[PDB]
Structure formats: structure tokens, C-alpha cells
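Peer 1: Got a file for you: entry10.txt, compact mmCIF, C-alpha atoms.
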# COMPACT_ATOMS: atom_id res chain seq x y z
CA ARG A 170 -57.12 -169.48 70.91
CA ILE A 171 -55.27 -171.05 73.86
CA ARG A 172 -55.90 -174.75 74.41
CA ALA A 173 -56.42 -175.62 78.07
CA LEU A 174 -58.17 -177.85 80.65
CA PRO A 175 -61.93 -177.62 81.37
CA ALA A 176 -62.26 -177.35 85.15
CA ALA A 177 -65.82 -175.99 85.46
CA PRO A 178 -68.48 -175.78 82.74
CA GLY A 179 -69.92 -172.60 81.29
CA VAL A 180 -69.17 -169.76 78.90
CA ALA A 181 -68.29 -166.17 79.77
CA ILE A 182 -66.90 -163.07 78.06
CA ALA A 183 -65.33 -160.22 80.04
CA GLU A 184 -62.22 -158.13 80.54
CA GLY A 185 -59.30 -159.99 82.07
CA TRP A 186 -58.29 -158.94 85.58
CA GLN A 187 -55.10 -159.99 87.38
CA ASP A 188 -54.89 -159.42 91.13
CA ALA A 189 -51.11 -159.27 91.53
CA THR A 190 -51.48 -157.69 94.99
CA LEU A 191 -50.95 -159.27 98.39
CA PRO A 192 -53.97 -160.95 100.03
CA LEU A 193 -56.12 -158.93 102.40
CA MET A 194 -54.74 -160.82 105.41
CA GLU A 195 -51.11 -159.92 104.63
CA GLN A 196 -51.85 -156.20 104.14
CA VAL A 197 -53.58 -155.71 107.51
CA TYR A 198 -51.37 -153.93 110.04
CA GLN A 199 -51.78 -153.30 113.75
CA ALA A 200 -53.77 -150.10 114.20
CA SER A 201 -54.86 -148.32 117.36
CA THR A 202 -58.48 -147.32 117.99
CA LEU A 203 -60.04 -144.92 120.48
CA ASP A 204 -63.60 -146.05 119.65
CA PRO A 205 -64.14 -149.51 121.17
CA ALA A 206 -67.92 -149.47 120.71
CA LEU A 207 -67.69 -148.87 116.95
CA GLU A 208 -65.09 -151.56 116.23
CA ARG A 209 -67.25 -154.10 118.08
CA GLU A 210 -70.27 -152.99 116.04
CA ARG A 211 -68.29 -153.35 112.81
CA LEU A 212 -67.30 -156.89 113.83
CA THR A 213 -70.83 -158.07 114.65
CA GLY A 214 -71.92 -156.74 111.26
CA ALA A 215 -69.24 -158.67 109.38
CA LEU A 216 -69.73 -161.89 111.36
CA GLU A 217 -73.47 -161.84 110.63
CA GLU A 218 -73.05 -160.98 106.94
CA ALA A 219 -70.45 -163.73 106.48
CA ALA A 220 -72.55 -166.26 108.41
CA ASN A 221 -75.58 -165.32 106.32
CA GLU A 222 -73.50 -165.68 103.15
CA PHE A 223 -72.38 -169.19 104.12
CA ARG A 224 -76.01 -169.93 105.01
CA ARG A 225 -77.39 -169.35 101.50
CA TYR A 226 -74.47 -171.04 99.72
CA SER A 227 -75.04 -174.32 101.57
CA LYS A 228 -78.76 -173.86 100.86
CA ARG A 229 -77.91 -173.53 97.16
CA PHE A 230 -75.15 -176.16 97.00
CA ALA A 231 -77.53 -178.84 98.34
CA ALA A 232 -78.97 -178.94 94.80
CA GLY A 233 -76.62 -180.65 92.33
CA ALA A 234 -73.16 -179.07 92.64
CA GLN A 235 -71.96 -180.94 95.80
CA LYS A 236 -73.56 -182.18 99.00
CA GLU A 237 -70.08 -182.27 100.54
CA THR A 238 -69.52 -178.54 100.05
CA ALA A 239 -73.06 -177.85 101.26
CA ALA A 240 -72.09 -179.63 104.49
CA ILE A 241 -68.73 -177.88 104.90
CA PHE A 242 -70.32 -174.49 104.25
CA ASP A 243 -73.02 -175.40 106.79
CA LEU A 244 -70.48 -176.06 109.55
CA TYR A 245 -68.59 -172.85 108.80
CA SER A 246 -71.81 -170.83 109.05
CA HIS A 247 -72.13 -172.18 112.60
CA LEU A 248 -68.47 -171.43 113.36
CA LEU A 249 -69.02 -167.88 112.10
CA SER A 250 -72.05 -167.44 114.38
CA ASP A 251 -70.39 -168.94 117.47
CA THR A 252 -70.26 -166.49 120.37
CA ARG A 253 -66.91 -167.89 121.52
CA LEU A 254 -65.46 -166.71 118.21
CA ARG A 255 -66.97 -163.26 118.74
CA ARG A 256 -65.58 -163.11 122.28
CA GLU A 257 -62.13 -163.95 120.91
CA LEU A 258 -62.51 -160.97 118.56
CA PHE A 259 -63.83 -158.64 121.26
CA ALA A 260 -60.87 -159.52 123.48
CA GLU A 261 -58.56 -157.99 120.87
CA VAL A 262 -60.76 -154.88 120.58
CA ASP A 263 -60.49 -154.26 124.33
CA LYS A 264 -56.70 -154.23 123.82
CA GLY A 265 -57.23 -151.20 121.56
CA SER A 266 -57.23 -152.90 118.16
CA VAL A 267 -59.21 -152.11 115.02
CA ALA A 268 -61.61 -154.75 113.70
CA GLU A 269 -59.27 -155.66 110.82
CA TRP A 270 -56.33 -156.43 113.12
CA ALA A 271 -58.60 -158.34 115.50
CA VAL A 272 -59.64 -160.59 112.61
CA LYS A 273 -56.03 -161.06 111.50
CA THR A 274 -54.92 -161.87 115.06
CA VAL A 275 -57.62 -164.45 115.81
CA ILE A 276 -57.61 -166.21 112.43
CA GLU A 277 -53.82 -166.57 112.20
CA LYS A 278 -53.61 -167.73 115.83
CA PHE A 279 -56.09 -170.55 115.17
CA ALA A 280 -54.80 -171.34 111.67
CA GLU A 281 -51.37 -171.86 113.23
CA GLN A 282 -52.83 -174.22 115.83
CA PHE A 283 -54.64 -176.25 113.16
CA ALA A 284 -51.45 -176.49 111.08
CA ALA A 285 -49.59 -177.86 114.12
CA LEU A 286 -51.99 -180.78 114.60
CA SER A 287 -51.18 -184.36 113.64
CA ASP A 288 -54.78 -185.27 112.77
CA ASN A 289 -54.79 -185.50 108.99
CA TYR A 290 -58.31 -184.21 108.28
CA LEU A 291 -57.96 -181.27 110.70
CA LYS A 292 -54.40 -180.41 109.63
CA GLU A 293 -55.32 -179.45 106.06
CA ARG A 294 -58.28 -177.28 107.13
CA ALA A 295 -55.89 -174.56 108.35
CA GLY A 296 -56.24 -172.96 104.91
CA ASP A 297 -60.02 -172.82 105.27
CA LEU A 298 -59.64 -170.68 108.39
CA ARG A 299 -57.53 -168.15 106.48
CA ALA A 300 -60.20 -168.11 103.76
CA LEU A 301 -62.87 -167.35 106.37
CA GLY A 302 -60.65 -164.55 107.65
CA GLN A 303 -60.23 -163.27 104.10
CA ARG A 304 -64.02 -163.25 103.76
CA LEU A 305 -64.39 -161.43 107.09
CA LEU A 306 -62.05 -158.71 105.82
CA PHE A 307 -64.04 -158.64 102.57
CA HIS A 308 -67.19 -157.48 104.38
CA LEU A 309 -65.30 -154.91 106.47
CA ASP A 310 -64.26 -153.07 103.27
CA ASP A 311 -67.92 -152.43 102.33
CA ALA A 312 -68.66 -149.22 104.26
CA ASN A 313 -64.56 -151.19 93.87
CA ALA A 318 -61.23 -151.49 92.04
CA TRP A 319 -62.77 -154.38 90.09
CA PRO A 320 -64.30 -153.98 86.62
CA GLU A 321 -68.06 -154.21 86.26
CA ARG A 322 -67.54 -157.76 84.97
CA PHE A 323 -64.20 -159.54 84.78
CA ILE A 324 -62.52 -162.90 84.24
CA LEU A 325 -59.95 -163.69 86.92
CA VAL A 326 -56.53 -164.49 85.45
CA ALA A 327 -53.91 -165.89 87.80
CA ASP A 328 -51.07 -168.38 88.09
CA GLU A 329 -52.59 -170.20 91.09
CA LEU A 330 -56.12 -170.55 92.46
CA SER A 331 -56.91 -171.19 96.13
CA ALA A 332 -59.80 -170.61 98.51
CA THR A 333 -58.15 -167.48 99.93
CA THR A 334 -58.07 -165.86 96.48
CA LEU A 335 -61.76 -166.45 95.76
CA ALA A 336 -62.65 -165.17 99.25
CA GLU A 337 -61.56 -161.61 98.37
CA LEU A 338 -63.64 -161.40 95.17
CA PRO A 339 -67.24 -160.25 94.62
CA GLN A 340 -69.39 -162.98 93.08
CA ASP A 341 -71.64 -160.63 91.10
CA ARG A 342 -68.65 -159.31 89.13
CA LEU A 343 -66.69 -162.57 88.78
CA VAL A 344 -67.95 -164.39 85.67
CA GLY A 345 -64.95 -166.59 84.83
CA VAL A 346 -61.54 -167.79 85.97
CA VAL A 347 -58.39 -168.73 84.03
CA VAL A 348 -55.53 -170.46 85.86
CA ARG A 349 -52.10 -171.16 84.34
CA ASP A 350 -50.95 -173.66 86.96
CA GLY A 351 -53.78 -175.55 88.63
CA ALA A 352 -55.31 -178.95 89.38
CA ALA A 353 -58.93 -179.50 88.38
CA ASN A 354 -59.33 -181.60 91.55
CA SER A 355 -58.10 -178.94 93.99
CA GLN A 356 -60.33 -177.37 96.63
CA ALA A 357 -60.62 -174.18 94.58
CA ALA A 358 -61.73 -176.17 91.53
CA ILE A 359 -64.42 -177.79 93.68
CA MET A 360 -65.65 -174.36 94.78
CA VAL A 361 -65.96 -172.82 91.30
CA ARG A 362 -67.95 -175.85 90.13
CA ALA A 363 -70.24 -175.42 93.14
CA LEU A 364 -70.64 -171.70 92.36
CA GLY A 365 -71.22 -172.26 88.64
CA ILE A 366 -68.27 -170.17 87.42
CA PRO A 367 -66.72 -171.13 84.06
CA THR A 368 -63.12 -172.04 84.81
CA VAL A 369 -60.16 -173.21 82.71
CA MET A 370 -56.82 -174.44 84.05
CA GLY A 371 -53.40 -175.66 82.94
CA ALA A 372 -53.41 -172.95 80.27
CA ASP A 373 -50.20 -171.65 78.71
CA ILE A 374 -50.91 -168.04 79.65
CA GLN A 375 -49.26 -164.95 81.10
CA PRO A 376 -51.55 -163.34 83.73
CA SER A 377 -49.66 -160.05 83.31
CA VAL A 378 -50.59 -160.05 79.60
CA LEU A 379 -54.28 -161.02 79.73
CA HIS A 380 -54.80 -158.13 82.17
CA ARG A 381 -57.02 -155.37 80.71
CA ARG A 382 -57.94 -157.49 77.68
CA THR A 383 -61.30 -158.91 76.62
CA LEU A 384 -61.40 -162.69 77.04
CA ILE A 385 -63.83 -165.51 76.30
CA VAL A 386 -63.48 -168.47 78.67
CA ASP A 387 -65.06 -171.73 77.45
CA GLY A 388 -65.32 -174.27 80.27
CA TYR A 389 -67.16 -176.89 78.22
CA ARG A 390 -64.32 -177.47 75.73
CA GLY A 391 -61.33 -175.97 77.57
CA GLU A 392 -60.85 -173.01 75.23
CA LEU A 393 -59.76 -169.43 75.87
CA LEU A 394 -60.15 -166.70 73.24
CA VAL A 395 -58.00 -163.56 73.48
CA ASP A 396 -59.36 -160.38 71.81
CA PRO A 397 -62.55 -161.78 70.20
CA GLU A 398 -63.59 -158.56 68.46
CA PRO A 399 -60.96 -158.61 65.65
CA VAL A 400 -61.87 -162.25 64.97
CA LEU A 401 -65.56 -161.33 64.84
CA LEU A 402 -65.06 -158.35 62.53
CA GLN A 403 -62.83 -160.40 60.21
CA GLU A 404 -65.46 -163.12 59.77
CA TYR A 405 -68.13 -160.43 59.31
CA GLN A 406 -66.22 -158.64 56.55
CA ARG A 407 -65.53 -162.09 55.09
CA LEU A 408 -69.24 -162.82 54.71
CA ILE A 409 -69.85 -159.38 53.20
CA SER A 410 -67.45 -160.13 50.34
CA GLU A 411 -69.25 -163.49 50.13
What would the structure in this file look like if it were written as C-alpha cells?
Peer 2:
Amino acid sequence: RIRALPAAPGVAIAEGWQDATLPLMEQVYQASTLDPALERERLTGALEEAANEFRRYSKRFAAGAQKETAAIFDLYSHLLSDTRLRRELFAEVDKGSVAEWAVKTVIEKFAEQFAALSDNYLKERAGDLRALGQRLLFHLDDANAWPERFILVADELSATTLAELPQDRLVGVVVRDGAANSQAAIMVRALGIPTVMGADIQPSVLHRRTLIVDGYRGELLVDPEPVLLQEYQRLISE
């Protein structure tokens, strides 16, 4: 029973999973390819899958969870389907690069340019571009180190972290340092994922343990089965 902050409503029970590894962007390295036609075909597949993914999310978000995020996800689905973006990626393939490095090269080049701007509303969107790159790399890896169902435990939560996670398996999130008004908190509410924040917690300890995350009341339960069996044997003697 760890008291904590309700960031997104819902209830979930699953094994805790800590991703203490580097993000997908930072573990891509420059790799040579002798098959230019294939790497271009792998890129058009990921761009279309990611654009389709953003297409349904904005279609779903329009009902209830945010109209703002439905609009932002709508614009990014158009950015993902823009041929100028694909030509930027094909230009790196013609240099003899694999699709993963081509995504890392283009995204970081444009994220750097956005971070250098003085316009306030464009400056802060440099992180969104890295998240889109993280999602692009997510669909390249699909040609399963996660549990069947898990609750994400972490010290920080950002858009880049959620972008390298499968939705079907992610049923809850527990953050030790966070702000319930951050961009990541806005996304989990839009996606309907129970989420708790500001929780005195050690992500390295909740790993590989069954957890119950309660986003309505801001409660986290570690190891519910002993507590259940104790109450059950209590009623038997009653």
C-alpha cells in the first residue's frame, strides 16, 4: 500500500516492468546496407503503419479524452504521410544506410533545428519529433521482451518512453517523479491507461512483481496475493 497521486483514472493488475535500457533512438548505430530496394520498402511500411496509427488515435481521442490531442495527433499523421519526409529518408538510404539509421539521422537533424528556434510554441515540440522517431523505430522491430501484460514502473515518464511500448500489453503506469499536468500525463489520460505519479517507489524493486495500480484513489498495491489469502483464511476462521 503506497500512497500516491492519481494522474489517470482506472484500475489494473499486472506484473511490474522496468525498462532501464536506453531508448531506441540512442541504441541505433550507423550500419551499411547493400540492399537499397529493401530498406526503402521497410521505410514505406513503417511510415504508413505509423501514419495509420496516428489516424485512429485522433479518431478515438475526438470523443471525450481531449480535442487538443486529437488535433495534434491529426497533424502528425499528415507529417508522417508527407512525401517530403519520405524523400528525406530515401536520401539517407541512397548513401548506403539502413532504415533505422535513416530514421535516426532525419529525426535528430530536425529535432535539433526545432530546439534552436526562438518561437516558443515550436521550440518545445522538438521532443514530439523524437517521439515520432521512437514510434518509427517501434514498427521497424516488428518483422517481445515484454510480459503478456505489465504495469510500467519508472522514475520519469515522457512521450518518448510511451512511444516504444505496445498498447495491448501496457495496462498501467507508475511514476516515482512526475507531474500530472505533463505531456505524458495528458497522453495516458487520452489513451485510458490507469496511471499513478509522485509515488515513493523504487522502479528496480517493483520489477518482476505483481502490482495493482488504482488511478481513481491514487493507490498502489505491491504483492496482492498474500493480502488476499490472509483475508480469505481470516474469513474461514470466522
Peer 1: For residue 270 of chain A, work out the shell of residues within 12 Å, counting all atoms listed in the file and skipping chain neighbours fewer than 2 positions away, then give it as an NGL selection string.
Peer 2: :A and (193-202 or 208 or 212 or 258-262 or 264-268 or 272-278 or 302-303 or 305-306 or 309)
Peer 1: What does the structure give for the distance between atom CA of residue 232 of chain A and atom CA of residue 348 of chain A, in Å to one decimal?
Peer 2: 26.5 Å
Peer 1: Pull the closest atom pair for each residue of segment 234-275 of chain A that gets at most 12 Å from segment 363-378 of chain A, along with the distance in Å to one decimal, counting only C-alpha atoms, ordering rows by chain and then ascending residue number, as CSV.
Peer 2:
residue,atom,partner,partner_atom,distance
A:234,CA,A:363,CA,4.7
A:235,CA,A:363,CA,6.4
A:236,CA,A:363,CA,9.5
A:237,CA,A:363,CA,10.1
A:238,CA,A:363,CA,7.6
A:239,CA,A:363,CA,8.9
A:242,CA,A:363,CA,11.1
Peer 1: Atom CA of residue 354 of chain A to atom CA of residue 177 of chain A: how many Å, to one decimal?
Peer 2: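 Here the two named atoms are 10.5 Å from each other.
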Peer 1: Let me make sure I understand: among A:409, A:240, A:338, A:324, which one has the smallest atom-to-atom distance to residue 226 of chain A if we use all atoms listed in the file?
Peer 2: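 For residue 226 of chain A, the nearest of the given residues is A:240.
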Peer 1: Work out how far apart atom CA of residue 318 of chain A and atom CA of residue 386 of chain A are and give it in Å to one decimal.
Peer 2: 21.7 Å
Peer 1: List the spatial neighbours of residue 394 of chain A as a PyMOL selection string - criterion: any atom at most 7 Å away, only C-alpha atoms, same-chain residues fewer than 5 positions off excluded.
Peer 2: chain A and resi 170-171+384-386
Peer 1: Between A:325, A:353, A:402, A:300, which one has atoms that come closest to residue 192 of chain A, using all atoms listed in the file?
Peer 2: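 Between A:325, A:353, A:402, A:300, the residue approaching residue 192 of chain A most closely is A:300.
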Peer 1: Find, counting all atoms listed in the file, the residue in A:308, A:380, A:255, A:224 that gets nearest to residue 326 of chain A.
Peer 2: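 Of A:308, A:380, A:255, A:224, the one nearest residue 326 of chain A is A:380, counting all atoms listed in the file.
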Peer 1: Can you list, as a CSV table (one decimal) with C-alpha atoms, keeping the file's coordinate frame, every protein, DNA or RNA residue that comes within 9 Å of residue 220 of chain A when you count all atoms listed in the file, leaving out same-chain residues fewer than 6 positions away?
Peer 2:
chain,number,residue,atom,x,y,z
A,245,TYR,CA,-68.6,-172.8,108.8
A,246,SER,CA,-71.8,-170.8,109.0
A,247,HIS,CA,-72.1,-172.2,112.6
A,248,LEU,CA,-68.5,-171.4,113.4
A,249,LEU,CA,-69.0,-167.9,112.1
A,250,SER,CA,-72.0,-167.4,114.4
Peer 1: Smallest atom-to-atom distance to residue 218 of chain A: which of A:263, A:297, A:311, A:185, using all atoms listed in the file?
Peer 2: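 Of A:263, A:297, A:311, A:185, the one nearest residue 218 of chain A is A:311, counting all atoms listed in the file.
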Peer 1: Counting all atoms listed in the file, which of A:344, A:241, A:216, A:271 gets nearest to residue 186 of chain A?
Peer 2: A:344
